[PDB]
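Colleague: To start, I am sharing the structure in question, which I have written as structure tokens.
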Amino acid sequence: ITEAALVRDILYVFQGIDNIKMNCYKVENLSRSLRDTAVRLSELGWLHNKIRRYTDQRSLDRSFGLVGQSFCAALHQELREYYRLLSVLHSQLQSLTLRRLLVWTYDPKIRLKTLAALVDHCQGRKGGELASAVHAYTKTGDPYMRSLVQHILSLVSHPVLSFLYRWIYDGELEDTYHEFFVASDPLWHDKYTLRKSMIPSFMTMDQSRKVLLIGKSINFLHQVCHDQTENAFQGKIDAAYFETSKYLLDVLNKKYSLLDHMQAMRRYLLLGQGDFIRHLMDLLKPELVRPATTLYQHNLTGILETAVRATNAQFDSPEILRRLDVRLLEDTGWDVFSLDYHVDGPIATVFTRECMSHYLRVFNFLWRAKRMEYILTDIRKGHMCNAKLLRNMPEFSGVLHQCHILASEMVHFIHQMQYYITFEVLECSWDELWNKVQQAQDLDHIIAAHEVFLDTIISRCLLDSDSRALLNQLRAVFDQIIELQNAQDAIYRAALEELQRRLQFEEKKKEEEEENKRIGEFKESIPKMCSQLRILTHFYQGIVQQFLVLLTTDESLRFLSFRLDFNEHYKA
Amino acid sequence: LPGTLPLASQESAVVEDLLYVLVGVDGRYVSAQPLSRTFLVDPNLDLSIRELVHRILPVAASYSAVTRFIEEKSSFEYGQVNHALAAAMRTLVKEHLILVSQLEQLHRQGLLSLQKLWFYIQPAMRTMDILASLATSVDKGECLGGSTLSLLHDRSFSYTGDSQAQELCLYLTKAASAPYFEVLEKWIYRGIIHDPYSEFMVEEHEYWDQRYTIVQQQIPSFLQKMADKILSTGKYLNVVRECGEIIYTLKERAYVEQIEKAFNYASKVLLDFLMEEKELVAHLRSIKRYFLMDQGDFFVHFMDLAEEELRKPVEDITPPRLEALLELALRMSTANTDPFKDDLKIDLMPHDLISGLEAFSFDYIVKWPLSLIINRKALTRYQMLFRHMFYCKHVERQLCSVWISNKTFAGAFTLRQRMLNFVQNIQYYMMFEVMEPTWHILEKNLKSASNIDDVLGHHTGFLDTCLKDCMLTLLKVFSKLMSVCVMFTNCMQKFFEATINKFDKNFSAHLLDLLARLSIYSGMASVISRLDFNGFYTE
């Protein structure tokens, strides 16, 4: 068995084709000095099989993806060259010997040792997860390997950067096999969820949320809005961000006027107009006093339309007035009436059925605190025309006086809470919204600025979840205003009847003993009514001095305790 | 006898034998077996040769299955695409007959050892492995026409990162789509469709929704986005003709934009053809004058002449008698200045508005090119909202007639004013606030038209609104409510005191049934403000 025979067989074992046979290539005579080097040289063939089985087993199934092809088709350009070396080595066999082969094939024992160990580290990875497992072989430092693998990465990461440059400038992702880290669902809240598993390693977790926001910004700009058109890599993402988003607001403010609805939804749905809601409470007065069973929606709309024509709300954009309507909650007419301002379309992604479920949760509190005031300016109007008639009965002003003090003590608590609603809830929490809108952008700093604008008003007003003990305490004070308005006209009218009879009992004649008992008993019923206003007041003060104690519980409420307790009329 | 032959020399005998099989002709040792072609080499050969030979032959078997696709798919029974796909797949086989020619010359000097062959054919083993996969995925599912061009747009996207088998499948698609794209330049820029073999996406037939129909199979799946504007383009070209360059690129849409630059002209010639010549807006006003009852000085003169001959029952009146009065009604009236007045025909409907008087309605006949807009499907609608206005016009025409008979027993005066103030407050709403403003929208809504299938939308979008805002869409209480009005005119025409009050309790109850249902809704609400104005009927 000559040495030229082993060199003939070795030149085949370098490819897989077997004296040398097939995990080491056990050779089967010859001298020990030859078997040792043959087994060492053949270990380059066993490395050529493992790299060939992968590029042949995975080149069979059609469910390995698009990235897994650019890899399996980049392990072939690094084999044709290994087939060129075997070409040259065979032409000289016709001189070279074993101890001469070692230097010839000392370098391709390394490339066939990175590639034969690069296909095992990434076995089950498909899609982008494979382009992230051939990048974890670049942190090696070896100038020969880090300049080989950093080339296969430049081929494997070409399909990945093909979806990216497609999902960013056109917003049309298409991958039958799930490779891209943006996974659609057959609009803003759903249908576009990041994939934590298929993000390449060479892309930071924050950069992966600027593409999913750039693609969504263009896909939403087409369908719903109904409109159609390294370091340089980081600059490309930001260049596509500061242009697409800035354009999304322009089409959302000129074609739909998203801002002109926020201002218009404060004037009406939050009573920010004042002029219009005043006239609207005078026209619904004869209707809502009836029970709810006799109330039908089709009648009230004519009243609402009348108010918008009478007040200053007529000079207004016709579009926003098309959505302002009524809705009936499902008692009395003052318990089921409320405005809705329904909004549908592209503008509906800012309100999202929750801002419309919070505004009505707020509108109830602003409607109650508005009728509890127009009652107390009706009473205070009655007293200015009351004393202009019965100022001639000096025996009645003793008890009529307690009717005035209880009023001026009750209108303060209400006319002060109105200011805390205006200045410390509306004018203050809205200012932090119009300030974070004229400077925000990308429509995702607007939603987050408008969503927190509804979490402070619910908190600054007593409509929270843990402030329940406070609101139910306030309702009792809201009730005592009604009981006064019922115990007032009873004492008011009872004095007008006795006055009217006293007018006719003397005008027709100008008998005398049968009326002095009627006039005499009328004076005796006065101390009975005085015991009402003496016990109604002493209970009204017992529910307010208890109300203040509950405010000392969550910080902005302290500005309310000062409004009520000015000059320390309470707290002794 | 390669068994009794030396080792290093018999390898040179196989490489010349294996250099024929790559062409197709059989060899001395490496022979072929009858038919996916399977070969046999020899029983007695060196193990380190056959295991190397059998690695090359997958380029021979992948060639005995592509040259059989060329010799076959070039027949005439397959279309103009399975032809070009077989021609552009024949230029490659020539470039393979040269790469085996350069080897048969380089082998003469002995410079071609078997190990050297296994390197030179590496590119010819990968190219012949793409053409042997399209030639088996075109015959798996029978593809001809468009479906054999959808496959060559997906087998070209699956190789989106290979770049050595995508520059190939982009040479086949760019060549197997010129014949298909050469009829497309005849269907967009003109109306003619040649397509001898039935393969184009649009096929003609032998009133126009059935002529040209989109075929679903033969859509190239890259024109799927514009599968409608293609058909909508040529169809516009035919309704004008009978009366009086595109290339393929990938990742560039130089053709997608090119179709729109023609479709936007294909419509602009047809839409303008209907507005200036054989005008349409000056043609619909010839319908409003009669059907929507806009001309007054014509109806007050027609019903005055054809009244006695209308109260007669059905199948008793001769149409030669009515039409003679209709012609005389137009010319004597102020409708004489109407070029299209000669298209009014009498049409006695068999069914009432679910006889004699309740079975009269105009009919309008139009020519071909305008019949696309106003057709029998969308003209009976004009004829449905006409009788509803001819009925309400007839009653208060005679209710105003009894007004003079009684004026030279005295409690019917305040009841007549209750029905007159009802129909004459319905006519004003039915005309000046339902059909007058809605039509005024259409006139302006036709100045901004862009294509005919839009005008066909601004028209039926106007008829479904008139039939909705009116009581024509149920609300049958109006039908029975109208009976007591006309019948009350008959009682007063017979010149009792217990019958006038009988009509009151019957008509007033029917009226309150109306406002009860007209109010319960989500204009249909402003009608109530037209019925009562002085606060009456507040119950």
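Letters A, B, ... go to the chains of the structure tokens in the order shown; residues in each chain start at 1; ligands are counted from 1 in the same order.
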With only C-alpha atoms counted and 9 Å as the cut-off, give the residues of chain B in contact with chain A, each with its shortest interatomic distance in Å and the pair that gives it, as a tab-separated table.

Modeller:
residue	atom	partner	partner_atom	distance
B:47	CA	A:18	CA	7.7
B:48	CA	A:17	CA	6.0
B:49	CA	A:17	CA	8.4
B:51	CA	A:17	CA	6.5
B:52	CA	A:17	CA	7.0
B:111	CA	A:91	CA	8.5
B:113	CA	A:91	CA	7.9
B:115	CA	A:87	CA	6.2
B:116	CA	A:87	CA	5.3
B:117	CA	A:87	CA	8.7
B:118	CA	A:83	CA	8.1
B:119	CA	A:83	CA	6.0
B:122	CA	A:80	CA	7.7
B:158	CA	A:66	CA	6.7
B:159	CA	A:66	CA	7.4
B:160	CA	A:159	CA	6.8
B:161	CA	A:70	CA	5.2
B:162	CA	A:70	CA	5.6
B:163	CA	A:70	CA	8.9
B:519	CA	A:298	CA	6.4
B:520	CA	A:298	CA	6.6
B:521	CA	A:298	CA	6.8
B:522	CA	A:298	CA	7.0
B:525	CA	A:298	CA	7.8

Colleague: Next, write the just-selected residues to a file, as a compact mmCIF listing (two decimals), in the first residue's frame, keeping C-alpha atoms as the atom set.

Modeller:
# COMPACT_ATOMS: atom_id res chain seq x y z
CA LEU B 47 -17.04 2.54 -5.49
CA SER B 48 -15.26 5.90 -5.36
CA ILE B 49 -16.49 6.67 -8.90
CA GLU B 51 -20.92 7.49 -5.82
CA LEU B 52 -19.37 10.50 -7.55
CA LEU B 111 -7.29 18.65 -19.05
CA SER B 113 -10.52 15.01 -14.97
CA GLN B 115 -13.05 15.75 -10.24
CA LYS B 116 -12.73 18.83 -12.45
CA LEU B 117 -16.11 18.18 -14.07
CA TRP B 118 -17.93 18.19 -10.72
CA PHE B 119 -16.90 21.84 -10.34
CA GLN B 122 -22.19 23.60 -10.60
CA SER B 158 -40.24 32.95 -3.04
CA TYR B 159 -36.68 33.53 -4.28
CA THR B 160 -36.52 37.02 -2.80
CA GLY B 161 -32.99 36.62 -1.46
CA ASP B 162 -31.29 34.07 -3.69
CA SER B 163 -30.37 36.58 -6.45
CA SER B 519 -93.61 61.00 15.36
CA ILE B 520 -92.15 57.68 16.57
CA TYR B 521 -88.78 57.66 14.80
CA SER B 522 -85.11 58.41 15.42
CA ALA B 525 -90.21 64.82 12.01

Colleague: Report the residues of stretch 321-437 of chain B whose backbone DSSP state falls under helix (DSSP H, G or I), written as a ChimeraX atom specification.

Modeller: /B:321-332,341-343,369-372,380-398,402-406,413-423,427-432,436-437

Colleague: Please report the interatomic distance between atom CA of residue B:190 and atom CA of residue B:234 in Å with one decimal.

Modeller: 6.6 Å

Colleague: Write out as a list in words each polymer residue whose atoms come within 10 Å of residue B:409, counting only C-alpha atoms; drop sequence neighbours fewer than 5 positions from it.

Modeller: residues 492, 496, 497 and 500 of chain B

Colleague: Just to confirm, what's the straight-line distance from atom CA of residue A:562 to atom CA of residue A:546 in Å (one decimal)?

Modeller: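 Atom CA of residue A:562 sits 15.3 Å away from atom CA of residue A:546.
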
Colleague: May I have the residues within 10 Å of residue A:212 as a list in words, using only C-alpha atoms and disregarding those fewer than 3 positions away in the same chain?

Modeller: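 These residues fall inside the cut-off: residues 164, 167, 168, 171, 181, 182, 183, 192, 193, 194, 207, 208, 209, 215, 216 and 217 of chain A.
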
Colleague: For residue B:445, please output as a PyMOL selection string all residues within 10 Å (counting only C-alpha atoms; exclusion window: fewer than 4 positions along the same chain).

Modeller: chain B and resi 439-441+449+455+458-459

Colleague: Could the residues in this selection be saved with N, CA and C atoms as a compact mmCIF listing (two decimals), in the first residue's frame?

Modeller:
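As a result, again.txt now contains:
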# COMPACT_ATOMS: atom_id res chain seq x y z
N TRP B 439 -83.83 67.28 -5.78
CA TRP B 439 -83.44 67.43 -7.17
C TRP B 439 -82.34 68.47 -7.33
N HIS B 440 -82.43 69.57 -6.58
CA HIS B 440 -81.43 70.62 -6.68
C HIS B 440 -80.05 70.12 -6.30
N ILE B 441 -79.98 69.11 -5.43
CA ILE B 441 -78.70 68.47 -5.13
C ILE B 441 -78.19 67.73 -6.36
N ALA B 449 -69.32 65.10 -11.63
CA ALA B 449 -69.24 63.69 -11.98
C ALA B 449 -67.89 63.39 -12.64
N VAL B 455 -72.52 58.68 -12.12
CA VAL B 455 -73.81 59.26 -12.47
C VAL B 455 -74.92 58.24 -12.22
N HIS B 458 -75.48 58.79 -8.55
CA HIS B 458 -76.16 60.02 -8.18
C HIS B 458 -77.60 60.06 -8.66
N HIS B 459 -78.01 59.12 -9.51
CA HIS B 459 -79.39 59.07 -9.98
C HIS B 459 -80.23 58.14 -9.10

Colleague: Skip residue A:469 itself and residues of its chain fewer than 5 positions away, then list as a list in words all residues within 10 Å of it, counting only C-alpha atoms.

Modeller: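 Here the qualifying residues turn out to be residues 462, 474 and 550 of chain A.
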
Colleague: Which distance in Å separates atom CA of residue B:243 and atom CA of residue B:193, to one decimal?

Modeller: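 Between atom CA of residue B:243 and atom CA of residue B:193 the gap works out to 18.2 Å.
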